[PDB]
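Here are two versions of the same chain, shown separately as structure tokens and labelled structure 1 and structure 2.
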Structure 1
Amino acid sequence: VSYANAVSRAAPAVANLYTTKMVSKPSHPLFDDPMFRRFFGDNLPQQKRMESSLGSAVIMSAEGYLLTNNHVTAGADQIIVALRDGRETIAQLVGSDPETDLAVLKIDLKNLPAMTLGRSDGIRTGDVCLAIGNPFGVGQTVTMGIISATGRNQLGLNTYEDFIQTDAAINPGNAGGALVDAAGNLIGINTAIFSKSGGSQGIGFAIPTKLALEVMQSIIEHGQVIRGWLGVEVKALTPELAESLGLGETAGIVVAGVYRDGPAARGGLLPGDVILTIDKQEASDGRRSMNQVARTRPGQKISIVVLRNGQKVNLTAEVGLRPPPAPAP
């Protein structure tokens, strides 16, 4: 069989990213603690221009919005977009979302191809898929495998995860590019690999379209991703403390820590309490409730029920805006 028609449909909508960045940190034998004390003067941190360079990006719409990974563009001073046809432009960064490793770009160009979107929820483990990006800077290349698994969360790459896992060969330089189904429709943004060698060993991960679209639409509208904030640190419940409360494995979440000055604080959430229901929804898994607070919009008064002094107490908080992560990519 052949997938050249899928390649023809989607490939023109996948672009190459070249990013440059000025940096104050060099090769690590030099410029360390030893430099300034290895019989040598302080002198000056010489800031080199390093090239994140190889990446990829998907042309989401004809108006010139590009999707990609945050870790490719974070910190860039310049982003060059190179189209399959050979056109080049410098892009501007509409906005980023480090917690899902996604970025939105804009270019001013017309006669721009756009990716047909598939439906992430409709993929099944076993479906053939194709990966399109710029491995090792060799040029746009297409690789082929199958959906290995779906909804991989708990990888620990980013704080909000719903990864597709693909067999197809994904290498450094594929980040940002398209994961596409046999028809040629976008089902993911290729993001991460698990390797022992720095190159593809057949364990690759893409962000599914459903999550990507939702992030991109919020960035275009508000320049940001809007997420609910409660301000609480929470840890799981075990049988061992299931008993101590006297009422056991109701899916409890333990309020280990409450952000000082937060909306949960401001609503009288207290350290050492126990959360039974968030917004009339039972709070069992820390992930579960953390994602439910993320989707709850800021400005929404919600009810929270907590087992505190051994008796249910009913509180109310006003969900706030979630603050950015700041330093890391």
Structure 2
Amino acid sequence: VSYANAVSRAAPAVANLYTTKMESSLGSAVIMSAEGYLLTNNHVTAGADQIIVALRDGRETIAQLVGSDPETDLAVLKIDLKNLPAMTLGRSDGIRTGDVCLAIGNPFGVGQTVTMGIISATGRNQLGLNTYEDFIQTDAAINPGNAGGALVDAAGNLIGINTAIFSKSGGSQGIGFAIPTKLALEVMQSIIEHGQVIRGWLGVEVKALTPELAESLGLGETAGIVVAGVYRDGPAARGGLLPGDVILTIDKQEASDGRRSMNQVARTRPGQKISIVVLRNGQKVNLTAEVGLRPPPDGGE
């Protein structure tokens, strides 16, 4: 078959990044709107003193950093250039494992490069790369230099931002990871608006429901989550939260799973008052907390 039409569609909207820092390094980025906004990875541009964007048509320009988001490994850039080709968006929840995809980037600085593979899996958290993980996995060859570039579906629509690989060799072994478009678009929109992403911030821990601690517990291996360990000087601290008490309920929503609950708390607004309930065998043990702002906190695992 051929993916030429998909490449023709998407490749004009993928650029090369050349960054100098204290010294030179390489990457990719995706043009998201004709106004000149670009998505790339945080680790590509972090601390850079100059960022050059090189387009497929040959034009080069210096970019400005709009803002960056280390906890998803994303960053937004802005350029001032006319008649820019923008990427079409795919549906990252609309993808299935086994669908064909294309990676577009600048591996090893050889030039813009298209590789092909399939969606190997979706929803990869537990990789231990970023705080907020939801990776698409792909076997399209992805190498140092691909970071910040496009993962595209078989029609050329954007489904992710290529980010990381797992390798024992320094280069592709067919296990690569892209940030899904749905996550990346959120981050991008908020950075454009507020210079960063405003998360609901707690300063608290939580880990899995081990079986024997909840064995004695009346419920049976589901529908709850075990808590421990607490950060200090912040609102859970001031709200009476503390290592060892277990969390039934935060903002009235049961925090049954750790990753779910990170997200919910993340999608809250700082300064707001919300109630929190620590463990007792009954319904509640009632605390309150003022939602704070969370401070500030091609890769290979």
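Residue positions are counted from 1 along structure 1's sequence. If you superpose the two forms and keep the largest set of C-alpha atoms that fall within 1.5 Å, you have the rigid core.
| Which one of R84, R152, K235, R119 is the only residue whose C-alpha moves by 2 Å or more between structures 1 and 2, after superposing on the core? | Spelled out, the residue whose C-alpha shifts by 2 Å or more is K235.
| query | With both forms fit on the core, is the shift of the CA atom of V258 between structures 1 and 2 2 Å or larger? | reply | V258: C-alpha displaced by 2 Å or more between structures 1 and 2.
| request: Answer yes if the Cα of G248 shifts by 2 angstroms or more between structures 1 and 2 on a rigid-core superposition, and no otherwise. | output: Yes; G248 is a residue whose C-alpha shifts (by 2 Å or more) between structures 1 and 2 when the cores are overlaid.
| field | Shift of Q300 between structures 1 and 2 at or above 2 Å (CA, core fit) | value | Comparing the forms between structures 1 and 2, which are aligned on their rigid core, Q300 does shift its C-alpha by 2 Å or more.
| request: Could you tell me how many Å the Cα atom of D273 shifts between structures 1 and 2 when the rigid core is held superposed? | output: Looking at the C-alpha of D273 between structures 1 and 2, the offset is 2.3 Å.
| message | Keeping the rigid core superposed, can you check how far the CA atom of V319 moves between structures 1 and 2, in angstrom? | response | That residue's C-alpha sits 1.4 Å away in the other form.
| query | Where the rigid core has been superposed, how far does the Cα of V72 end up moving between structures 1 and 2, given in Å? | reply | That residue's C-alpha sits 0.3 Å away in the other form.
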